[PDB]
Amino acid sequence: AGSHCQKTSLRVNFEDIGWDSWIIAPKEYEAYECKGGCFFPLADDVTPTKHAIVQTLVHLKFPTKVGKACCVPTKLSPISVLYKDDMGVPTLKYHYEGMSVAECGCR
């Protein structure tokens, strides 16, 4: 129950991923993530493409030859970061795009 593709929390520390060299702040942010399966019956809000549906059916028929559709971010949102200028000046990037999950779906 409720095991399908959905947005869940993912707290990211920039030091952990080696970005603290060029990102002064914040130290961490909420990137979220997309988790869950793409299998029938699908959840209503998965917004699945026709190809994802086709591939899921093919995987059912031939599970060893063809993989499943994948639960992935389908829309992303920006965050603000404070980063080192090439001259060293800490500088605000106000909309640093593509950093946090707005919506998930099967693709």
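Only the largest set of C-alpha atoms that superpose within 1.5 Å between the two forms is called the rigid core. The first residue of the shown sequence is 1; numbering continues from there.
Undergrad: With the rigid core held as the alignment frame, decide whether 40 to 48 or 72 to 80 lies farther from the shown form in 6 other deposited structures of this protein, in terms of RMS C-alpha distance.
TA: Farther on average in 6 other deposited structures of this protein: 40 to 48.
Undergrad: Please work out which of 97 to 105 and 1 to 9 has the higher mean CA B-factor as recorded in the PDB entry.
TA: Comparing averages over the C-alpha atoms only gives 1 to 9.
Undergrad: Per the PDB record, is the mean Cα temperature factor higher over 49 to 57 or over 26 to 34?
TA: The entry gives the higher C-alpha B-factor average to 26 to 34.
Undergrad: Sorting by Cα B-factor within the chain, modelled residues only, which third would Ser77 end up in: lowest, middle or highest?
TA: It falls in the bottom third of the chain.
Undergrad: Relative to the other modelled residues in the chain, which third contains the C-alpha temperature factor of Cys71: lowest, middle or highest?
TA: Answer is lowest: the recorded C-alpha B-factor places it there.
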